[PDB]
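Any read-out appearing in this document is the output of simple, stated calculations on the displayed coordinates, not a laboratory observation. All Cβ positions, even for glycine, are placed from backbone atoms using ideal geometry, and neighbour counts span all protein chains on display.
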Amino acid sequence: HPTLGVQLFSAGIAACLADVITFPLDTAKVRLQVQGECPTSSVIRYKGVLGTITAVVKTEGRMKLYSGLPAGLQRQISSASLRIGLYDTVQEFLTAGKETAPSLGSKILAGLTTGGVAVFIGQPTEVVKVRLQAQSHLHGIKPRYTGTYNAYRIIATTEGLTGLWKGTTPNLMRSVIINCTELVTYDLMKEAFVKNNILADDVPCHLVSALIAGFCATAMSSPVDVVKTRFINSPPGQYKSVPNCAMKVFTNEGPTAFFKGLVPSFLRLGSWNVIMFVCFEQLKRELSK
Amino acid sequence: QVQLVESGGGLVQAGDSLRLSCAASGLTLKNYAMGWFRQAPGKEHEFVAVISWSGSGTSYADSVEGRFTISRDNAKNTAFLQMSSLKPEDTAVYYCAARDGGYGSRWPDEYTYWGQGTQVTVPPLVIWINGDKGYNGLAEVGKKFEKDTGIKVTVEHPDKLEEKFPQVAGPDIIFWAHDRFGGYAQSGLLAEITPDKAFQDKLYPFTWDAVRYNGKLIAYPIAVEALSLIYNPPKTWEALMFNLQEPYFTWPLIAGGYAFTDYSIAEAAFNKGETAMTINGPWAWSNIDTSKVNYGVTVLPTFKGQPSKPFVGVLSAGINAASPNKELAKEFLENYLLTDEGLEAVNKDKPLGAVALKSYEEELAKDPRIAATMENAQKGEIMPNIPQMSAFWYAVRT
Amino acid sequence: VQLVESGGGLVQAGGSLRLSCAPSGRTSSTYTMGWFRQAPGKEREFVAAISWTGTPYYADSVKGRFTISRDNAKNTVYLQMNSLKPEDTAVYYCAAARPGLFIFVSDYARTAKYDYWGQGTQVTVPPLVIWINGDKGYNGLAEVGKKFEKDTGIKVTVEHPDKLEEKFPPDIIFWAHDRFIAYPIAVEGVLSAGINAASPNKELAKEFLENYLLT
Ligand SMILES: Nc1nc2c(ncn2[C@@H]2O[C@H](COP(=O)(O)OP(=O)(O)OP(=O)(O)O)[C@@H](O)[C@H]2O)c(=O)[nH]1
Ligand SMILES: OC[C@H]1O[C@H](O[C@H]2[C@H](O)[C@@H](O)[C@@H](O)O[C@@H]2CO)[C@H](O)[C@@H](O)[C@@H]1O
């Protein structure tokens, strides 16, 4: 049994590597989600994952894809590591030393607690990351940031130390929904697949059920993610509150606009989870001895 | 010593194309981003187009999408802009800007260097018409043309345009009788006119031949004008008030010879009914209609048993040679003015006489005044268009 | 892995057999296991398989009678037989495979995935055999045995071994009362049938002798 420090360090390193690997998918999702915040020409410049990526690299440069990387790295160091270490610790505490088999409720509760703790501490990195990813020189509001640390300085000096935590409640809602949906859907799918013996009770069935659960969770959490992206990237004094933004989005475009960039978000979720899990397990096994 | 130079600007008509070239000297264009910014008088800078470092991705403004094409050449370190399907809203001064950061595109104040700039203008139609005729109807037709096509039309009536036109050239279309047009074409200020065979069948053949010159055509005929008496009116010359300074109003009395008080005072005197009979053309009829006094048209009285022979003119419009709107002028003249609606709108203000358009001529022939004017015209002779009339009308004047 | 079986022997019909199979070390908790049987003069066949998760899988011709289980603490696979018959007499092997290879429920039937095969144990269920001399009605005994096999499902054959007086010292020995603890059937002498103590299916022999023989 590895100690707490080893688990935390391995989790941090794995999270950082996974975030470094698959950032352009997040950039494409952010670009697609803020496409129609304000009225513009009838011509849509972004359409398709590969199309959006190639347009971004061809027009705004190759380094625009990886804008705001230090903010993501700081978020992974400060938020993800604590989440995926204290999740295991709290889960063991709830189980009370392998007294009983881990029930669904215990895992759900531990995940919700660790997700809330992770979201509350480590919000400014998310805010700055969204601000940097959504900005563009050619169209939209004038770019006001010149990097990541400059964004911190500008927000601290102009807005203060309480405007950095904007939009924490959408993040909490997104985390709770994604966690609960993932767990419930995976459990139900695996149970049904095993009961009807359509597939063998081996790792292929588990992997297929996990992928289905991840897709369902991404599909359910996409609207709240859209609202969060549109609210966080907004000049002060424009949006009154989150419900106002939701009503404006519904009236201006319609319900279909609530599902934007679903494919890039799902791809990022799957890739990040797989890479993080593999690297974390391998590094923990290597460092335990 | 960074220098940017722009070339290719000037004056271009609507619906044409232009080539703008920006040349850079003193820097290497391999790692710079080129862009074009237009400025209109009384407005700030606006985005037009921008190109990346290697011509891979280019961007255009929302208002010039699909009309402007931007390109660049690193070997000759220049940038080119193709402007097509120009509009009157494109009159502005253009600047070529270079961004140092490379692979860049943004709003102004983000670039590092700027150019001198070149002026691009889309002139509108300017039409000169004598103040006697109904210029308000022509202005209304021009407003309809602007609504249909988007090009403004201006109408001006300078005093004594027959002397100002040769010195100035300048207007785009000039309206006058057909006696000065022979001399104008001989001097070379006019331009040849080639209407379609179907179009030439709309008007009478002699009307077209009246503005001919050595087998060519120099002006579209518009109308035929001749003097008449307006008042038991007297039948023989052997009371009355008419303009005497202009020899055109006194020639009928003079003519077994042959060629080869003011107008305002007389008009005011007749408008109040002070005088009985006045000799004048159709254009004055509307004024009599405003005088609320009964009046009638009549053939000029005979002198010594010889009927008077007033000169007959063909009011026609010619296109200026140096005007850069030849196609626009041709389209406006052949499609808008030479139609029933436009000619009716013009004639509603001040009558022209007998319209050369057959469809309108048949309708207008029912008015007895037009028949009387034609009868008076037949007793006269069409005045020649040889280039010697520039001084003759002056010589008879003195 | 040195995977070894245990529980071999020869038993009578209708009994229950407990077969154990265990590997060396403590790697049983991270493996899937399977039982495959080979009939005398026949190739291998699918019998049962239990995955690492703990979901058993049975064959078409074995469902309802077998019961397979695994023990992580004991680290071994235990197979329980019910209503065993001579038709199930064969040599049984237990095989182990690493998890993750199988993707279909029918994929357990393939013998290529398994790699570690044990020594195996031979389980036999001898059937009751009745010996009748050449002076008796062997055809009637054959007909009775065929009827018994049709009714129950146990093979019965009647041989004709000459000089049975000394050769014998089978399941039911038919002879006169002079040589002989037997049931009379016919009267000559007294031609009676005795149940030898060496026969395993003494109860089956008694049932055959009482229910359908003397009728
Ligand atoms: N399984 C699981 N994935 C999560 C959870 N919270 C976030 N993720 C996913 O983890 C990845 C990275 O999340 P973060 O590092 O917080 O970054 P983010 O900017 O919030 O991620 P996006 O919402 O995908 O833009 C994304 O795919 C998230 O959707 C969670 O509680 N469970
Ligand atoms: O006055 C001399 C002038 O007479 C004629 O000009 C006429 C013109 O033809 C009419 O259309 C109308 O405008 O009245 C004008 C006189 O005021 C001759 O056409 C012209 O050559 C001559 O100079």
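Report, by residue number, each residue of region A:174-195 that is buried (at least 16 other Cβ atoms within 10 Å of the Cβ), away from chain C (no Cβ under 14 Å) and among the aliphatic types (A, V, I, L, M). Residues satisfying the conditions are A:176, A:177, A:178, A:183, A:189.
Can residue A:156 be described as surrounded by fewer than 18 Cβ atoms within 10 Å (Cβ to Cβ), among the small types (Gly, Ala, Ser) and not in a helix (DSSP H, G or I)? For residue A:156, the condition - surrounded by fewer than 18 Cβ atoms within 10 Å (Cβ to Cβ), among the small types (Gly, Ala, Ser) and not in a helix (DSSP H, G or I) - is not met.
Here residue A:42 does not fit the description of being within 16 Å of ligand 1 (Cβ to nearest atom), within 14 Å of another protein chain (Cβ to nearest Cβ) and not in a helix (DSSP H, G or I).
For region A:196-216, the criterion of a residue being within 23 Å of residue A:27 (Cβ to Cβ) and exposed (fewer than 14 other Cβ atoms within 10 Å of the Cβ) is satisfied by no position. Just one residue in the set B:92, B:79, B:98, B:24 is away from chain A (no Cβ under 14 Å), surrounded by 13 or more Cβ atoms within 10 Å (Cβ to Cβ) and under 26 Å from residue B:146 (Cα atoms); that residue is B:92.
Apart from one condition, residue B:43 fits all of (1) in a loop (DSSP other than H, G, I, E, B); (2) surrounded by 19 or more Cβ atoms within 10 Å (Cβ to Cβ); the exception is (2).
Of the residues A:22, A:3, A:27, A:54, the single one that is closer than 30 Å to residue A:248 by Cβ and of a type in the set (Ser, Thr, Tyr) is A:27. Residue C:133 fulfils the conditions (1) within 14 Å of chain A (Cβ to nearest Cβ); (2) touching a helix residue (DSSP H, G or I) at 6+ places or on another chain (Cβ under 6 Å) except for a single criterion, (1). Among the residues of region A:44-78, those that are more than 30 Å from residue A:5 (Cα to Cα) and polar (S, T, N, Q) comprise A:52, A:54, A:59, A:67. Could you identify the single residue in B:231, B:258 that is in contact with a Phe, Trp or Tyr (Cβ under 9 Å, 6 or more places away or on another chain), away from ligand 1 (no atom under 16 Å from the Cβ), farther than 24 Å from residue B:346 by Cα and not β-branched (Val, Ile, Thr)? Criteria check complete, one pass: B:231. Return yes or no: is residue A:7 more than 14 Å from every other protein chain (Cβ to nearest Cβ) and either under 21 Å from the mean Cα position of the chain (by Cα) or surrounded by fewer than 17 Cβ atoms within 10 Å (Cβ to Cβ) (or both)? Against the criterion (more than 14 Å from every other protein chain (Cβ to nearest Cβ) and either under 21 Å from the mean Cα position of the chain (by Cα) or surrounded by fewer than 17 Cβ atoms within 10 Å (Cβ to Cβ) (or both)), residue A:7 does not qualify. Can we say residue C:54 is within 14 Å of chain A (Cβ to nearest Cβ), outside any loop (DSSP other than H, G, I, E, B) and of a type in the set (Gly, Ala, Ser)? It is false that residue C:54 is within 14 Å of chain A (Cβ to nearest Cβ), outside any loop (DSSP other than H, G, I, E, B) and of a type in the set (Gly, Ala, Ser).
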